[PDB]
Each structure stands twice: as C-alpha cells, then as structure tokens.
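This one's a deposited entry, sequence included:
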Amino acid sequence: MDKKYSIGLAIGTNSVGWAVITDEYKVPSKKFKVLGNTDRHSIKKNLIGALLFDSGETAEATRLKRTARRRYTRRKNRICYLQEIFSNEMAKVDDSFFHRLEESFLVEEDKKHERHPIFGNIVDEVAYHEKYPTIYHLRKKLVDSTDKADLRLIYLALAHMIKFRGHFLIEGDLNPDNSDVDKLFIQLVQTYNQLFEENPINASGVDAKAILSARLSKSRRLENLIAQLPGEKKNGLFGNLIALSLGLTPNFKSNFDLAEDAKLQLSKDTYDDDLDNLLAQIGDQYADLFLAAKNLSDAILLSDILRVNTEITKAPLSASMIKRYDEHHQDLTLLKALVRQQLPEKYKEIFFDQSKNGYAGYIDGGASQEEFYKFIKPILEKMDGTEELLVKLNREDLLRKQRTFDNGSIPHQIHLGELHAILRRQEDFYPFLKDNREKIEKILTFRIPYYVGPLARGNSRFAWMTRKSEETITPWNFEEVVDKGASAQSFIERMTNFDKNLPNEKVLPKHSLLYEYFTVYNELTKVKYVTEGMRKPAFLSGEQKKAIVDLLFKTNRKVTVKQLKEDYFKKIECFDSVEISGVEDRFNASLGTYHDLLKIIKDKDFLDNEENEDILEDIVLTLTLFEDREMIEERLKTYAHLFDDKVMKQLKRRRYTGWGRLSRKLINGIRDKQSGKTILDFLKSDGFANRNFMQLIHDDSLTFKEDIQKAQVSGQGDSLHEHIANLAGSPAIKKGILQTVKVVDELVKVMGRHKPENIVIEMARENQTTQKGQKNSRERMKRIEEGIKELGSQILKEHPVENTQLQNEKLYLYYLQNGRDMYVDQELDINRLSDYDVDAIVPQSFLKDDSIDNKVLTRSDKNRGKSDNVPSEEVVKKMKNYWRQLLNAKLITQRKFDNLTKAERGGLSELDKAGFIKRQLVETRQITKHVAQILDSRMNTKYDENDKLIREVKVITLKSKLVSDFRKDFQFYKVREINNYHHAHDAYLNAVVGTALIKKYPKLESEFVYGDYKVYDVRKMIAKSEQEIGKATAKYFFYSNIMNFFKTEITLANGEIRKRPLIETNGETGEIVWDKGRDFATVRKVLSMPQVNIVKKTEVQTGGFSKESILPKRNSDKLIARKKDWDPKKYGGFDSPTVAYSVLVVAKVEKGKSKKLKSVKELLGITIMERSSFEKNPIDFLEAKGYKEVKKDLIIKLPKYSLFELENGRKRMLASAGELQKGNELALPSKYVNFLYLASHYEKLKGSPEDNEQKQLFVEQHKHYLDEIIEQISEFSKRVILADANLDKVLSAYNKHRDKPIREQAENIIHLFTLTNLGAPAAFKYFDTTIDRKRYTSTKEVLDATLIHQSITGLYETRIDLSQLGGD
RNA sequence: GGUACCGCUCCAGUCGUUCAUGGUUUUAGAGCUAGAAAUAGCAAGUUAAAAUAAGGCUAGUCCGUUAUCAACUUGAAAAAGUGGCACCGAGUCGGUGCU
DNA sequence: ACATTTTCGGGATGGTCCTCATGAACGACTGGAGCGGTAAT
DNA sequence: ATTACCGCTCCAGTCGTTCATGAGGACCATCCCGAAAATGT
Ligand SMILES: [Mg+2]
Ligand SMILES: [Mg+2]
Ligand SMILES: [Mg+2]
C-alpha cells in the first residue's frame, strides 16, 4: 500500500542509527521468532536502533599503504637490475662466485659452501679494514685510482651506488664542480654593470656566499643581498636574477616591458629552449647573465651540501663523509680520556647502560640524537677541557651515525660523477666495462614518465602498455617491444577531465575554438539592430552572426558598437545610418586562442578554409593532452602542408593546460532525427529566443530526449557496489553509505512491503573550522579575538582591522598560537608566515581531523626524526599550562592538546570538551548533497508511468542545525562521550522533523545549500552589522526561523517559560499532526525505554594481513614465519598475524602423562592465510591442526564479534582468535547523566529562566548522585569481572577528592561511560589517581555460555545448542 | 506566490603519478690472565654483503593491506529469494488472541 | 594394598614493552565565498 | 501585474546554544589446584 510510515537515519563516522515512525501506533515494539534452540518464546525488540562498525584506515593512511608497496619494490628492483648486469659475468670468470651468493643464508647443516664475502679466503677477508675504514674510502680509492681492483670490490662499490642511488628530483645536467665559485658572483655584478652603465651595482667587498650560507628565509636572503649590494631593489632585474638562483620562479614580463608572461625556472630541460626564444628577441649580449646564473645555482648546491673543494680528490661526496667520520673517533677518544681522569666512578655507567640513552645504546641501538646530546651536555659543561666538545653539539658534528636519514637524501647527479670515474678508471683493466658503460649510465639516470608508466608482462586494469612480442620491456630496444604512443593514449583516455553526460567520453580543451565560438554566438543572439530602411529593432540572423565573427572577431579580440557601426554595417551590409541595441558599448565575449595562433604561426592560410577549424581543434586537443613533443610532431606531420620546419621546431615547448565542461559530440556530433540540425546549427540560426544549454537538452521539442533515455534513464545494475562506486574516498563515509542503503532497502521490505512517506538522513564530518570566505573565515576570527580579549590588549580599540586581511589558515595560526611555535618555543612573525613551514600533528596516519585544528605552524620539522619522543621536554613543562590557557580561551582544542600528552594517557575520545567551555560551529555538511542521490537511484527503480515524473520514494537529507531546539524541548543531553547509544535517538528525531516539514509547506524558504544571504530584503536595522562586527544574516538567527514556522516558544522573555498549547493545528488540511498530550510524553519515554536495538556489526576480518617487519622476539604457535622452513628463533616471522574468524570444533589433542584426548569443543583461529584452503577443503586443515575426527554437523563457525549469553545472567562477545570482549548493554537511570553534565556547566555560570534556575538548584541541592553512581558501578563489576577489585581504590579516591573542582573531575568522568560500549575496557587519569589497565583472556564458565548469531540489520537471532560441547 | 545554467577569483580538502634513504633482521668477524669450576678483571674494539605480507592468475624483470561472507531454500557453479499483525505494558523485554 | 605428603606441571591473571614513515616536481578534481550575469507576468 | 500570514530591534556588542566521538597482544612472574610415586600401617 501507498503510505503508512516514515523512517530516519543518522550516519556517523563508525555507526549508523535508524528509527521507524508510524501514524497508527506510538510504541515501536515488535516480536521475532527465535531460531535454533528457542530459549525464549518470541523475543521482542525496539524498532529504534543502531549499528556499530570499524572505520578503518582513512585518506593519508590508504595513500601510504599503496605507496609502501611500490616503495620497497623500486629499491628491490634497482638492486636486482645491477645484479643481473654483473652477476653472470662474475660467475663466468670466477667459478667460486655463484656458491657464495646462494649459500649466504641458513644454518651449517643445510649450508653447502663457506661465505668468503670479498676475497675467497678467511685469511685475506679481514685484511680489508686495515686500509678501508668505510665504503667511502674505497669510493675515493676507485675514483682516484691508478691501478686494478678485484671485480668483487668493483661490484661492491657499484652496488652501494645503486642501492644508495640517490634522488632524480630536478631535470637537466648539473655541473659537478666546486673549483672556483667566488668568481661567478663577481662576474654577474660586472656583466650587469657593463650591460647597464646607467646605474652600476657596487660589490663593496661584500661576501654574498656568507649571506646565502646562513640559515635565513628566501625573502631574507634576497633582502640582505639587496641591502649589502647597493644599486638595485628586491623587485628589480638584479633581485629577480638572484631569486632565480634561490630556486624561485621570477616573471621578467615587467622587467623587459613585455605584453606576455615571461616566467623562468631551472627545474626543466626546456629552460635552454626558452633561453633560445628569449635571446633571439633581446640579443646575444644578454646570454652571459642567464647562463652564469644557471651554473652558479649548480655551484651553490654542491657548496652547501658537500662543503668540500674539488681537485684535491675527484670524489668530494665520499670525502665529505670521511672527514667527519675520522673526527668522531678523535673527539670520543678525547672525551674518554677526560672521563677516566675526572669521573672514574661513573665511567662504566656513561658508556654502558642503555636506559639514559648512553654510548653503547646509541651505537648498537636506535637512540635519539637530542636525547644523546641532552645526557652528555651538562656533563661536558661541568668538566674541564671540553670547550671544543661543547661547540660540536651546536654544530651537530659530535658522533653522528653514518647510517641515518639526514645522510641519505643525496641527489642522483653527484652519485653519477663518482660512478663515471669508477667505470672510466677500470676501462684499461676490464674491457667489459667499455661495452657495459652505456647500459649502466642509462639505468643510473632512468626515470619513468606519466605517458609510459607500468611495463607489466601480464594483463590487468592498470597495464596501459601494448606489448608486441615475448621479449623485454626495458628501455633497451623499447620501441621494438612496446609502443609509448599506445600507453600515452590509454593513459590519457583513463586520466583526464571527462564528460558527465557521456560516461565513456571526454570534454574539449579550454582553448577550443568551438568553445570560444559558442560564447560569441550567445552574445550575438542577444543583439538587435536598426538600419536605414528597418523601422524597429530586429535580431541578428545566422549569416550576419557568421559575418561579424569573420570580420570583427577575427581582426580584434573584442567587439564594440563603434566597430559594428563604422566597419560591419557600412562595408558588408552598406548602411550609413544604423543602431545596435540589447547590449552596452562593448561585448563580454571574445576570441583568445585565435589571436595567440596568429602571433605564434604568423600566417593566414590556416584560417578561413572550411576544413581548417577542425584541423586546429585536433591540434589544440593534442597540445593540451600530451607533453610528449614527439607525439605533437606526429600530429603536425599529417597537416605538414600548413606548418614549415621553423614553426614545428618553435611549437616544441609545452602544453596548453585546462579543459571545458562539454565534449564536441553533444554540440555538433549529434543531429536531430527530424530536422537534421545539431545544437551548434540551432545556435547559428533558429526561431525566437533561447534557453540554457542543459534546458535545451531536456526540452521536449528536440529529439535528444531519446539519447537521455538510452544513457541516463537506464542507470546502474542490481548490485549495490555499482551504485556506491561514486562519492567519497573516506572508508568511514563509504561503509556508512554501504550499511545505510542496506538498512533502508530492508526496512521497506520488512514493513509489510509498504512504502515510506519520507526517508530522512543526516551525515556529518569531524569539522574543526569554517572554510575560507567571509561567510566562514570571518567567524573563525571570533575564536582568535576571544583569546586576544582574554589575554588583554588595547590594539582592538585603538585601530580597527579590515575583515579581508585574515581570510586564510596561515594568518589564523599566528594569532591562535601567538608569535611562537608549539615544539621549541621560538619566535614567529607576520612577515614570516608564508616564509616558514606548516606541519600536521599526525601526518600519514590512521585518522585525520577535518582541517585547521589538525595543523600547526612550526620553524623546522627535522626534530620529528620518525619517533614518538618530543625532544623539547623542558618546553612542554611550561607550555602545558599555556596550552590549557589556550583551551580555556578556546584557541586550541582538547584533542589537539591531548596529542601532546599521549605518553601519559594514550588514546580514548574526548572530542566535545567544547560542551563546557563554548560550542559555536555551524556545519555545512557538503557530503549530504549526493547521499540522497545514491539511495534515490536504487529506491525509485520503476518505470510504469507515462513520463508522469511521480516519485514513490522520497529521500530527504536533514541538517543538524535544526535539532538544537528539539534537544531543549525534550531535555536531551546527547554528547556521545557519555552515551554510545547516540544515533538511535538522533535517527528518531530526524524522522520526526523531516516528516513535520512536509505536512504543511514552510513559511520561510531559502536557496539551494548556500541559502540565506543570496536573496533577502534590504533592512537598515541589520545594516549596523557590517560596520561594527562584519556581515551577518539568518545563519546566526536560524533559531528564530524555527520559531516563525512552528511558534513553539517565546525566546524574548526570561523567568517563567510558556509554550504553544498541547492541542494545535499543524497540517495543510487543518489537522493535528503532533500531539503534546501523547507524542511529547512518548518521545521522552523512549529516551529511558528498556532494550534499544543496538549491535556491533557481524563480519570476518579481511585485508591488512601483516606489517612489513620481523619479530623474532615472539616464539608462540601464532607466529607466521617469513619463510616456511626457516627457524623463527633466528629469522622470525611477520609482525601482527591477522585471524579472519574462528571455528568451534571438538579437539583430538592429547593432554598430560596418560595422553588423554580433549573430547570437548575448542576455539581454532582461521587466519586470512590458511582460510584460502580451509573454505575449499576443511577436512585436511582440521586434521593438520589436531581436530582429525569431526563430522560436518559438529562444525560451528564463529565470525568477528560473535555474541554469547550466559545462563548465569551475563553477556559476552568474541574478538577474533578466541579473545574475550566485554559485551552486555547498560541499564542505568537517566537522573545520573543529566546531573554530571550540568554540574560542570554551572561551576562558573549562573541561571535566569525557569528551567536554568531549577537546573542550577538541582545540582546544588542534590550532590548525593556521585555516591549513588559508585554504588551502581559496584553492581556492574559483578556482571563482567565478578570481583570489584579496583572499585575500592575508586571509592577511596571519591572520598579523598571531594574538595577538588567539580568541572576538572567531570572532564575525565566520561571514561566510566564505557559501560554502554560492547568493548573499550579503558584506563585513564581521573584527578591525582590513574586507573590500572586490564584485558579479558577467556570465560571459565564455558558450559553456561550460549552462542548467538544475529543479523547485521538487527532483526532475527539464532541460538546454537549446548549438547555438542562435550567435556571429560 | 513564481527561475535555470553558471562566469571570474581565492582558499581548503580529497589525492594520484615518480624517485630515495634509514630503522630492523641475518652471516662472515684469528684475545689474555687468575680459579678444578661457576666467576671476575685487563690488554682490546677501526668492517662488508644479502633481505623484508601468506599465496597465486595470465604461473610473473607480475599482482595482492577488500566487501557481502547468520539461520533457510533453490542452483553442478557463478548466482538469486523469503523474514505477520491487532493489542497492553516497560530495571537486564513479557502477555492475551488469531495466523 | 590404600591414604596422605610430596614435587612438578598447567591455567587464570596482571605488569611492562612492542609497533614502516618522509615529500617535492608535476597535475587535477568539488565546493564555497565575494566580486558578479540575465529575466517574466 | 506582484514581492514575509511569520524576524514589529537595544543607554549596545554581549557569551552562549548542537555535533563527528575510546590501541591490544606477547612474554615473564606469580598463586592455586591436580596426578603419580614413596612411605607408614
Ligand atoms: Mg549527525
Ligand atoms: Mg612537517
Ligand atoms: Mg548522531
């Protein structure tokens, strides 16, 4: 039947709630038949409920997981690449090479050959370190070599240089020399002075290198050079030439008075090509400055990162490492002698003992630099003869470990320098190197471009390449085995802007000539004209529109009325007296691409010919899509009759970026099957007036409605996956939608297959801020301003600040944190906010908060060092109280603060701390825009109507901004921190409001999403806003819109509270929709109503199998070895083995001295690994695990979050492999929840209206609730742990801390509401007492536990029999 | 009562392609004196190489950090489908009656 | 030949330690706010 | 041929209303209970 009920849902990050409301009854109570045992007659449940689920790894964590797979694969392949080059050659000349490489692993008993790494004999193996203290000395030896080295030490050096290959970040050949840098600074100044004799720049003996070497910002380095070298300004020619060498992108358009942009950069191979175009126009005499600037940048890079001069060695990189390496042993020997003489007593302790981060732990362990320096620093300060040792601490030159990240970030080019020498020196000793050098230099330089990508032998979705035959895919003989044109085309067809009306096609480039013609013809259509014979204004015809485009738009970019009157009408149409109307003095439309083409080609033969426009569109499409300049050449070859050799060489520079929103097919590729005309044909000439482009597509007058029916009306298939394959990358939103559509689909089916009137859905994010804009940013300012006014200042009253200044995050971070960082407490300033770096609190991590409160403005992040130990402990000690002052002024959040105290308490959500100090944040919830569309797509899959457009199922998305007044009316305090049954009541209220809104049409409407400010009437009494505080509208007064439409209460009066009468008309037919004598009482009755239908989702664990590390520290049976036959005691197994689910089977395992069979059912964990054969054949699996004698009907599978109910009155849940989870819902009176929230609230706040007056008096008169709460808790311990254990400590603490602040105790009490959750046995700090951490191994009372299998939808429940359990 | 398609700009989030290092595991790594011996002290310390998700298609110079995955019936199998209401009440969800 | 004392072994339990992440060159999307376009009956 | 049925304002710019909402497992130290053997009667 048509309409009987409505449903509502509330979608969170890791939970979905729902509720069903029906006109015929007020009690959401319904029965189901018990499956299996039938322990209860017919179990009833509440229709209001919620589903809990695990959210998984979000955005940047998913990013890191795919990156991590490709990450080591690259390093592994590079090691394998050079191995394939030399291994076979070494095996051919040395028979003993092969066996040593193969027998390098495993125990003696399985080993067939001795290791002998370098020489081939134990006697000679330990002769190496006598001349070579490190790999870097062998590198110097081979680079400066005059003699022959063994192929094992040659491969040893070459293998180091491909494992330690270095980064190919910047394109082009950089100068590997540091011989005479000083000269380059003098020659640039003198060359400028010779070319510009009007105002010479004076060097004045200034050392420019000293300014650049110092750790200053790029802006400050430029400024200091301009201040010390007089003759030119920071924004002048010389300043922009310095900026280029600083690695910036200057634009010399304003410098050479150019009509077009002239940006230069040193990061691209085409820079030399751009200089050829530039010098062709400004002349040869300016070449020296740009070539010297390029070479100086190369010289400065090596000077800064190596700090070693050339010619004393041809290996300055290896030499740079050696100097410090030797100094480490000399400084350590010195300090060791000083400690022996001054501190005999602590001599063993200082060097041997890991616990304080000493020398032994530092060398053999992973001890932090800052902790190591911290320990030895006051020791060196107290000791005599340590002056030089104290300097090395500040320089960071004291005992730095050779292998560390800071010594790893080396570029590919300086590595090629030394490698070219390693190969060249040995060419007259090994002739094989002369032939292999070509292949070696290529793989050392090699990098995969976008248009080639994956070179996979097999067939798969992401295999873009077409392979010719079974040979190779290596760059060697590349064109003979694969075609980069085929991979470039398949790459572009998959990755580019796509047409949203054509699923398999793509849009035109933004430089399309057709795209530009479309806008010009629209403006020409608006034009009316008057002539010498024509009496009244008439519109332009198609031939006249074409004539104006052919004449005026092809001779000047923009057209004006004078041009039409003096040129077009007098020349083409031959009228002296004419007039143009419909437009002003000029048009908005213009041709941009057309005149750009004339300037580059400089001809007219490619213009007016009918076929040439299609030729130019194909060429611009190619120029936008492909950087590959040989692909551009091949496009130009088919049209070579229009393009000579010079223009084709000039075009080889760069891409025409950006696309339009329409493809060509729609515009002039689809013809009307009755008139024969395209949309472009109708645009040029048709009937009176026009409509919007999408309106003309939908228009019933054209035959394009058929194309809509064949494409759009068809829709997606039966499978849900196909409908949720769009919207959101978040696994939290994805799973929320996945379960939401399933719940809605099932609710409509089980409700007698009747259709709901409304489906009301909410979906939100962890919004930490408003977005950029004066409708958003302007309010973010208030969060800063309150902190400023709390601290105190006269600045805000003395001088007003314009609202357009503070619009972005970087300007907000400065005033939120003040002029100081949050890690080392060093100075920040306004002029340095775009010059200093910004960090994330938890980058590339499991969960990420929505925007500005997840980030922090810092000075340098090098202190992070991939560790969880803040090196600025002493800073945290004073800043912790400062950070609490910031939370009190609401400048930083509770989660932001707690991430800096993690070591003391771990995790556990405290997110809505704002609730007692200020909650002000109106959320947009942009995700909700397409949620209804995905559901609507499945729900209204029916076409039994003659284009009636009548929907049967209406899905409505709701904003939570309307719920606030309903929380007040029904006295709801719903912070999830004190209630994990949160979504159940939200979804109910959502169904109430969304249904309420449609029963009588709204009195005050607003525009789509944006709404309020867009359309409103001018009122002077809201104009005082902008002048005083800034723009404001109904977004602030949204509560008054609710009062206008419903008239529920009067908010203009304090004291006695009176509201709208109990029995009032609410429907469009004059009927009563909601009744306060029945409905209102029922809503508040549901709040405390027993047995709400809430469950943790049933599944089994898939994905995330293990972490890429080995833990030989573990040795239990659950450890999965890295290789099957390798001993876990030596070579270990993989970090964190993942169990998909468990199976309950009677054991065949023998116990004790008599070897008795365990004839009782036991838990066997099924791993994601072993599952792969278990599901296919469980018999062989069970026999291998010790469960040999078993029958099919005796095997019971236990999925993830399986439930148990004990006959002794307890409820429990299964984790994964057999571990015990808490379970059991919380039955507790509502009088405790309201008290604790309000008790903290009314600490420093006083009441006034009737309700607030009684709430304050309630907390003040009734302080006995804390004593009743510990009494209720002592009765829940008995249902979980049995013994009270630590509640004697908690009761003692509750009697002890009665003289402590009400708020500060209520701030952490939220951790005791874990009783509502089915897991989370949390440990936390209360006030001065920190509670013990416990976990549940298993249930002793096995035979009393009944196995429960429930549906994910929360409907039917299966109870499994106890007669099969056994026991002997 | 009674609108549709968007231009220009700035900022943010979602992210993708590409490349490198280190943490860490493992093997080779020639010592002296006292004491039955456990055990202790001193001489003495300078390095290199290999490797890092089970498992497997298309059996790889390749892919893999995932969802439905409970009872029940039909289907070789892939795959698909069914889940009662009137009527009263609410401290660990019960009852009258029909189906 | 049987019961008690005796030592060694297993399970339930809690305390402490363990954890593969960094980012710029090059390049694109949705999406919102403020400056706006164009109007009929 | 028209633009809120309702938001009609204060000796002054004020803080505040609601929400997305919680790391556990392995190894080692330890106490209590149970089985087979040696000894006494
Ligand atoms: Mg919500
Ligand atoms: Mg950072
Ligand atoms: Mg909610």
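Alright, I've got the coordinates. Numbers count the residues shown, from 1 in each chain, chains lettered A, B, ... in the order given. Ligands and ions are numbered 1, 2, ... in the order given.

Tell me how far the lengthiest helix in chain A lies from the chain's centre.
Longest helix in chain A by number of residues (criterion: DSSP state H): helix A:59-93. The chain centre lies 27 Å from the centre of helix A:59-93; the measure is CA atoms, centre = their mean, to the nearest Å.

Next secondary structure after that helix?
Per DSSP states H and E, helix A:59-93 leads on to helix A:97-102 as the next helix or strand towards the C-terminus.

Those residues of the stretch 751-900 of chain A touching ligand 1, which are they?
By the rule CB under 5 Å from the ion, the part of the stretch 751-900 of chain A lying against ligand 1 is A:762, A:764. All C-beta atoms are positioned from the backbone trio N, CA, C, and that covers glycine.

Please report how far the residue lying farthest from the centre of chain A lies from DNA strand C.
Distance from the C-alpha centroid of chain A, by CA atoms, centre = their mean, peaks at residue A:533 (67.3 Å). Note on residue A:533: its distance to DNA strand C, by CB to the nearest atom of the strand, to the nearest Å, is 26 Å.

residues in contact with that residue?
Contacts for residue A:533 (CB atoms under 8 Å, 6 or more residues apart in numbering) come out as none.

Say whether ligand 2 is contacted by the longest helix of chain A.
No: figure legend: helix A:59-93 not in contact with ligand 2 (CB under 5 Å from the ion); closest approach 12.7 Å.

how far away is residue A:1271 from residue A:1293?
Distance, residue A:1271 to residue A:1293, using CB to CB, to the nearest Å: 15 Å.

let me fix that: residue A:697
71 Å.

ok so, going back, report the secondary structure state of the residue farthest from the centre of chain A.
coil (DSSP: H, G, I helix; E, B strand; the rest coil).

Mind splitting chain A into its structural domains?
Under the assignment automatic domain parsing, the domains of chain A span A:59-169+A:412-463, A:182-305, A:316-406, A:513-687, A:777-916, A:1107-1196, A:1231-1335.

would CSV of the ones you listed with distance to residue A:1206 be doable?
Shown next, in CSV, are these (distance: least, CB to CB, whole Å):
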stretch, distance to residue A:1206
domain A:59-169+A:412-463, 38
domain A:182-305, 66
domain A:316-406, 46
domain A:513-687, 63
domain A:777-916, 28
domain A:1107-1196, 16
domain A:1231-1335, 10
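
Which one's more surrounded, residue A:1271 and residue A:1293?
Between residue A:1271 and residue A:1293, counted using other CB atoms under 10 Å, the more crowded position is residue A:1293 (18 against 11).

wait, what's in contact with the more buried one?
A:1326, A:1327, A:1329.

Not counting its neighbours along the chain, what's nearest the first one?
What that stands for is residue A:1326. Nearest non-adjacent residue to residue A:1326, counting by CB to CB, 6 or more residues apart in numbering: residue A:1308, 5.4 Å away.

From RNA strand B, how far out is the one you found?
25 Å.

That residue reaches residue A:1328, doesn't it?
No: at 11.3 Å, residue A:1308 does not count as touching residue A:1328 under the criterion of CB atoms under 8 Å.

Taking the stretch 101-250 of chain A, what residue is nearest to ligand 2?
Residue nearest to ligand 2 within the stretch 101-250 of chain A (CB to the ion): residue A:217, separated by 16.4 Å.

one step back: can you tell me how far the residue nearest to residue A:1326 is from DNA strand D?
Applying CB to the nearest atom of the strand to residue A:1308 and DNA strand D gives a distance of 8 Å.

for that residue, what are its contacts?
A:1324, A:1325, A:1326, A:1327.

hmm, try it at 10 Å
A:905, A:908, A:910, A:1324, A:1325, A:1326, A:1327, A:1331 (CB atoms under 10 Å, 6 or more residues apart in numbering).

Name all residues that make contact with the closest residue to the third one other than its chain neighbours.
Distances taken as CB to CB, 6+ apart place residue A:894 nearest to residue A:910, at 5.1 Å, with adjacent residues excluded. Residue A:894 sits next to A:853, A:887, A:909, A:910, A:911, A:912, A:913, A:914, A:915, A:917, A:1307 when contact means CB under 10 Å, 6+ apart.

Distance of residue A:894 relative to DNA strand C?
Taken as CB to the nearest atom of the strand, the span from residue A:894 to DNA strand C is 22 Å.

Equivalent analysis for residue A:1249, please.
From residue A:1249 to DNA strand C the distance is 32 Å (CB to the nearest atom of the strand).

Count the neighbours of the nearest residue to that residue once chain neighbours are set aside for me.
Nearest residue to residue A:1249, sequence neighbours excluded (CB to CB, 6+ apart): residue A:1054, at 5.0 Å. Using other CB under 10 Å as the criterion, residue A:1054 is surrounded by 12 other residues.

Are we agreed that residue A:1054 is in a helix?
No: applying three-state DSSP, one finds residue A:1054 to be coil, outside a helix.

For it, give me its contacts.
Shown in contact with residue A:1054 (CB under 10 Å, 6+ apart): A:1247, A:1248, A:1249, A:1250, A:1252, A:1253.

And the furthest pair within the contacts of residue A:1308?
The most widely separated members of the contacts of residue A:1308, counting by CB to CB, are A:908 and A:1327 (16.4 Å).

separation between the residue of the stretch 1101-1250 of chain A found nearest DNA strand D and residue A:1165?
Proximity of the stretch 1101-1250 of chain A to DNA strand D (CB to the nearest atom of the strand) peaks at residue A:1116, 3.2 Å away. Taking CB to CB as the measure, residue A:1116 falls 12 Å from residue A:1165.

same check, this time on residue A:98
On the measure of CB to CB, residue A:98 and residue A:1165 end up 42 Å apart.

These two: who's more crowded?
residue A:1165 (20 against 15).

quick one, what contacts that one?
A:1117-1118, A:1137-1143, A:1185, A:1198, A:1216-1219.

quick one: which helix or strand includes it?
Residue A:1165 belongs to strand A:1161-1167, assigned by DSSP H and E.

how many other residues sit next to residue A:1334?
The burial count for residue A:1334: 11, using other CB under 10 Å.

if we can go back for a sec, tell me which residues in the strand holding residue A:1165 are buried?
A:1161, A:1162, A:1164, A:1165, A:1166, A:1167 (16 or more other CB atoms under 10 Å).

Done for today, thanks.
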